[PDB]
Structures are given as structure tokens and as C-alpha cells.
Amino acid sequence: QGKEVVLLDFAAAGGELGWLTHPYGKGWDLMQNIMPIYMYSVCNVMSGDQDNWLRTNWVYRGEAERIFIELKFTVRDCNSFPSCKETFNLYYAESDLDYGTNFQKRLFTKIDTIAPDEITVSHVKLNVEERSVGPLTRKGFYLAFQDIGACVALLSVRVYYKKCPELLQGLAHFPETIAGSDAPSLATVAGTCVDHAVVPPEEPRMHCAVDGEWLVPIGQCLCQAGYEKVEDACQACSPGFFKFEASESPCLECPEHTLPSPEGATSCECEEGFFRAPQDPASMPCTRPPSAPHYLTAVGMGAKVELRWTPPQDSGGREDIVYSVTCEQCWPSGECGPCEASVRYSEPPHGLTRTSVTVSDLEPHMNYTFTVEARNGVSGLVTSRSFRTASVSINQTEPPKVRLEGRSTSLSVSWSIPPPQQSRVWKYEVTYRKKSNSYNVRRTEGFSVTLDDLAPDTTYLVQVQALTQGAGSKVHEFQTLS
């Protein structure tokens, strides 16, 4: 149930309300019972022809469309005393002027015959009856009651109308609106967003019914950045909190490494020495550049150097860690300088996410120092650097990488060396022994030989040296067919 606005309340007046009766003498009469109770009684069941009227004061209508008329009464049984009726009539008249004592029944429209559910034979049996009328349009109206020979006491008369009350809901405001006249009335009432609230992407609406109930909520408003919902309004975020968007969510407390916020903050400021990247959301804690790769190994396996490292002990709270590798040369001469352009990497030496690289094409005996640096998203915002160094010497230059391209029974062999080294080699020298003092060497400028005139199902020791005006491969075991 919603708002009732009362227009008339006979009982609530304690007798001081005085209504016109026609005729002046006979018919309805005000009665007091004493604890005073007042009432309007008529009981002329004997007289053969009655037409007794009771007319209320002029009632100002205001904004009311449908009025509700609530009556409380007793009726005595026509068979309970030895031309009688047990009902009365209820009328109304609209009008813009209050006519005072000038009352004319012909201007009154009949609402209904009022009958009792219970009848007395004197147990105080109080009937209740409600009717309604609408739409009304004039400035005011009158009610009336007609008795044609009933024995009635009329104890109460309430006229009220219904409203949908002023409403705060869904962070919007809805004005008090008058319940409409027709029963299938749902009036759509637009809402107003309370201060610091907004409709983001459905606009707030409510539907006012004839009983004054608000029925079906459509849409809502949301508290904007720096504000949240507290009860029915928007409030500034507490000190220590933030909110960056218009959402239906509370203020989030300040993330890690951040400076205590003032009221209505859309984001907390960064702590000294901590930062944010231009892609980081306000919800992300302040971060910093990482420490150095925790461990780094530089191992000279063969002619190439392998660098293997480990992520930093401290990431500075980030997950976008990359590595970059740089190099210095030093001749143990004493002189030093940056790495030559002839050094290659197994992977472009910057923007590394892998934790290892292979370095090739290195001058022998030279002391190479490799520095591997760790950087995350906030690194460009500090001057400082986090790195580890490791030094390697290499002895042999790149040997030929040799494989079998086929076999019979004979052994068909191929090899390769990186194209920068290919200028250095004068000739390749192939050696083959049987698996103690009798080997066979051949020479070529090319990259493949077939070893001929060999024993079936036999293990041979094959080596390929790169010769210069050098560096030789590992011994391979190659077996002939059967």
C-alpha cells in the first residue's frame, strides 16, 4: 500500500461537523452516545413514504481523480420490530461552488445501493462498505445518503485518495504522483538521477498504480568516479580509497605502494620510488624496475658461448620482464672495447623473454664480458640499471658440423661451417681410421666427400679439420651397411 490522502473523516471530527438534512425536521439526525460516540441515525420504518437526505459538506477535490468512500454502519432487521427496508442509497454531486443550505437532490448521481452483511436485532455488528468514483473534474463534490425507511445508524464516513509517494530508488528521484482513475492505470514516471549519479551506457522509470504502489523499475543511475552508493545517494570515497569509473561497485581501497588518498579520489598517487605505466589501470599497485637476473652463467661449450640466466629476485611487482644482452672485448694486450659486429646471437639480443642465448663467431683467447640486463614496463621511468656480468674466453674457432648424408657397402659425408668463417678455410681435411696406426686422409675445398672402398658393417673414426694458412671437429663413428 501507498499514500492515502484523507478528504473527509466524520468520526475524526467528534461531532463538531454538521451536515445538511432534507427535510430539516424529520429523517436523519445526529446522535451522541456517552465516552462520546457520534453518529447519524434515521429509523422511521413506520411512516409509509420516506425520502430522507443527508448531505455532507462540500469537499475540496484538489488533485484527486478517483476517490474512495468508506462507510461504517448498522442496519436493524425489518422483522425485528413487530413499509420497511434494510438498505440505503449513496449519491454524489460534483460542483465548483459550495451552495450551502441550498441542496437539490436532482443534481445527485447515484453511486450504489448499500446493503449490510450483518443485521442487528437490538451484539454491535458493524458493517463496512467501500465504493469509489472517478474521474472527478470540478473543484469539489458532495456525498449524500438516502433513506426510504431503513433503521440505520451511520458511524463513519472516510473519503481519501491514493498517491504514489515521493521515492528515492536506484540512485534516482521520483516525484509524488497521483494514482490514476482507471484500474489498468500504470503511469510511467521518469526519474531524476541524484547528484553525482549518471546513466552510463537504460533511463530510470517507475510505474504508478491505482492503489499508489510503484510497480516495475526500469533502468538505474550509477555513482560516478570518486563516488559510491551509500544508502540512497552518492558519497565521496573515504580517505584511503578510490573509484575510477561510474560503476555499481563500492570504492576500492588503495593498492600497494601508494599514497593515502583524500576524499573523492579517482586513483591513489604513487609512493616515492614507485611508478605506473601509461597502460596500467588505477587498480594496479605502484611498481618499480626489477632487480638483476638472479644468476647468470656464461659457458664456452666448444667455439660458441652459452649464456643461461634466471629471473630477478625482485620483479618490482611486474610480469612484463624483458632481457637485453650486450658485450665487451678485452685482449689479455690489456686494451678493451665494444663487441665486434661479427658476433651473432641465437635470438635478437634485446626484448628477450627467454632466459638464455647462444653467442657465436668469437675470436679465440679474447676475454668477452657479457652483461645481461633486466627491464620491466616501468624501466623507462628511472635512469638506474639492473644487470649481471659474466666473462668467457674461447680457444678453438668453429669446427665443421658433420653428418652422414647416406651410406652403403660407402660412407657419404657432409659438413658445414657458418658463412663468415668460410673465407678463412684453405682446405678441409678428412681423416678416417678403422676402430691403431693406419689412417686415410683426403682433402677438399667443398662440403661433402664420399669415403670409398670400405669394409661392410664397420665402425670408422671420422674427423674433419678446417685448415688455414686450424680447428677440427669431434670424432664421429659411422657404420657401413650389411
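For every residue, the number given is its place in the sequence shown, counted from 1.
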{"property": "Deposited-sequence gap flanked by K435 and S436", "result": "1 to 3"}
{"property": "Missing residues, deposited sequence, between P332 and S333 (class: none, 1 to 3, 4 to 9, 10 or more)", "result": "1 to 3"}
{"property": "Between 134-142 and 272-280 (mean CA B-factor, as deposited), the higher", "result": "272-280"}
{"property": "69-77 versus 361-369 - greater average Cα B-factor per the deposited record", "result": "361-369"}
{"property": "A172, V152, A390, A303, ranked by C-alpha B-factor: the highest one", "result": "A303"}
{"property": "Selection from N440, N52, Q32, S47 [criterion: highest C-alpha temperature factor in the record]", "result": "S47"}
{"property": "Lowest, middle or highest third - CA B-factor, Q421", "result": "highest"}
{"property": "Third of chain Cα B-factors occupied by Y295", "result": "lowest"}
{"property": "Position of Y460 among the chain's modelled residues by C-alpha B-factor, lowest, middle or highest third", "result": "highest"}
{"property": "For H196, the third of its chain into which the C-alpha B factor falls", "result": "middle"}
{"property": "Modelled-residue ranking by C-alpha temperature factor, third containing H350", "result": "highest"}
